[PDB]
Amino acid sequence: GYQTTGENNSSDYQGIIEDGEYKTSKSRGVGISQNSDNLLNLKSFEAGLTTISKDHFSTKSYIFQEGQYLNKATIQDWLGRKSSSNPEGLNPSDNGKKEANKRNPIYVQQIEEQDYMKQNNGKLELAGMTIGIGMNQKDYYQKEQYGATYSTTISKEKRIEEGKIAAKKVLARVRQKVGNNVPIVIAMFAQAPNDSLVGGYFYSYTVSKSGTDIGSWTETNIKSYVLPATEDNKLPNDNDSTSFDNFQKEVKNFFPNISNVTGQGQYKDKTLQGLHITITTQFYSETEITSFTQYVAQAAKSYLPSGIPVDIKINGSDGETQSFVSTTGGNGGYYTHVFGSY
């Protein structure tokens, strides 16, 4: 039969085990290949789809089911170019043209489904769905076989337009599979370019309560930014940026050997929501790890912006995590853990 994973709570969904195995997505793997040139796009797409879901289908009242209605083959077809051989393709036909401004580009890069279930007489019933559609900003391609990479820059306006076109087709198709009564949230994502140190971002969503017409769109403004910031990639808040810089300076030279400090800040508009930081250093003893971990927690509380969740992973040179330091936010909240040897 089915059992849940996890307990009922206000932060995460319970998931599903069926017949002794986690009930994996019917499209498992498709996102890896669709994002091969920048896997951070997969990670931010998925993370954002889950937060959008949490805002519409409460973790307290829905169980999360990995998407079952759209399988890998179907998503692969939809992500292909339309042709007489692939009539369901959402991307434009190959007009044969090699010029970046004349070709029909790939507008649609990834699609994921998350299903939200309610319990009915010991059985799960589909009660909500979130669909993400990831749209290219740059579409990379080759003029020749193992040859050089070119790109078509898709304007924000065109991306938005083609996203709405794709959303309407996806909604029509999904409605045939799930029926007319399930609320469906469709969330539009902009893929980061291949050289980006952060994944892409969600820019809008719509909620279809019934039918196939697309109603309003609600614009969204959650974005991630690399740390430390640079002249070309500034944070929305300079004070947060200088705070990070202070933390980095305070940590970097703890040992004779310099420690690398990088991270991401998540913003809603211009307001910092959280920090994720990774420190990488060379440790040569367990007591060095204990001391550094204490000092990182001190430096974080002193110098990093307060009142927000901060997670700091402390890795050795080989990438093995030796400790971590965190606060959920509020105040007096840092926590540490060292993954020591017996």
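Heads up: residue numbers just count along the shown sequence, starting at 1.
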Got a sec? Mean C-alpha B-factor, which is higher, 245-253 or 190-198? 190-198
Got a sec? Mean C-alpha B-factor, which is higher, 150-158 or 85-93? 150-158
Say you rank 61, 273, 317, 290 by Cα B-factor from the PDB entry; which sits at the top? 317
The residue of 207, 100, 127, 235 with the maximal C-alpha B-factor according to the PDB record is 100
Third of the chain, ranked by Cα B-factor, where residue 47 sits: middle
What third of the chain does residue 266 rank in for C-alpha temperature factor, lowest, middle or highest? lowest
Assigned third (lowest, middle, highest) for the C-alpha B factor of residue 141: highest
Against its chain's modelled residues, does residue 118's Cα B factor rank lowest, middle or highest third? highest
Entry-reported Cα temperature factor of residue 78, expressed as the chain third it lands in: lowest
